[PDB]
Amino acid sequence: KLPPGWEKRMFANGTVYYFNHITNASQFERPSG
Ligand SMILES: *[C@H]1O[C@@H](CO)[C@@H](O)[C@H](O)[C@H]1O
């Protein structure tokens, strides 16, 4: 689904984002869109 090292995440308010476990980077929008 996601590009290398990326996975789906979510804030405690119910808002969804993307996070990279290899580099600790994050985006609100889909990585390599
Ligand atoms: C959840 O709410 C968002 C919109 O206010 C943003 O502030 C953040 O992703 C979280 O705090």
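Quick note: structure is the one above.
Numbering of residues starts from 1 on every chain and follows the order in which that chain's sequence is written, so it may differ from the entry's own numbering; residues lacking coordinates are left out. No hydrogens and no water enter the side-chain calculation; it runs on all heavy atoms of the structure.

### Some remarks on the overall build of the chain
Step number 1: Each helix and strand counted, the chain has zero helices and three strands in total.
Step number 2: Secondary structure elements follow DSSP: runs of H or I of four or more residues count as helices, runs of E of two or more count as strands, with numbering from the N terminus. Scanning the chain from its N terminus toward the C terminus, one meets helices and strands in the order β-β-β.
Step number 3: Overall, the C-alpha framework of the chain stretches about 25 × 20 × 15 Å when taken along its three principal axes.
Step number 4: Working definition: with a 1.4 Å probe on protein chains only, accessible area under 20% of the residue-type maximum means buried, over 50% means exposed, and in between means partly exposed. Relative to its 33 residues, the chain shows a buried fraction of 21%.
Step number 5: Any two residues having at least one pair of non-hydrogen atoms within 4.5 Å are treated as being in contact. Long-range contacts, defined here as pairs at least 24 residues apart, represent 11% of the contacts in the chain between residues at least 6 apart.
Step number 6: For the chain, the exposed surface amounts to about 2,800 Å²; the carbon and sulfur share of it is 51%. Accessible areas in this description were obtained via Shrake-Rupley with a 1.4 Å probe; residue shielding takes into account the shown protein chains only.

### Re unusual backbone geometry
Step number 1: At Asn-24, a residue that is not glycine, the phi angle is positive and equals roughly 60 degrees.
Step number 2: With respect to the helices and strands, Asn-24 occurs in the loop between β2 (16-20) and β3 (26-27).

### Details of the site of the ligand
Step number 1: Near the ligand the following residues occur: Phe-11, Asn-13 and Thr-15.
Step number 2: Contact with the protein chains hides 37% of the accessible area of the ligand, taken as 290 Å² for the molecule alone. Only a single heavy atom is needed: when it lies within 4 Å of a molecule or strand, its residue is near that molecule or strand.

### Quick look at the sheet that holds β3
Step number 1: Pairing between strands is defined by DSSP: at least two bridges between them are needed. Here three strands make up an open sheet; going across it, the order is β1-β2-β3 and the pairing antiparallel. Looking at strand neighbours, the two that pair on one side only are β1 (6-10) and β3, the edges of this open sheet.
Step number 2: For β1 and β2, the ladder comprises five bridges, and the chain directions are antiparallel. Paired with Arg-9 across the strands is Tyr-17, a residue of β2.

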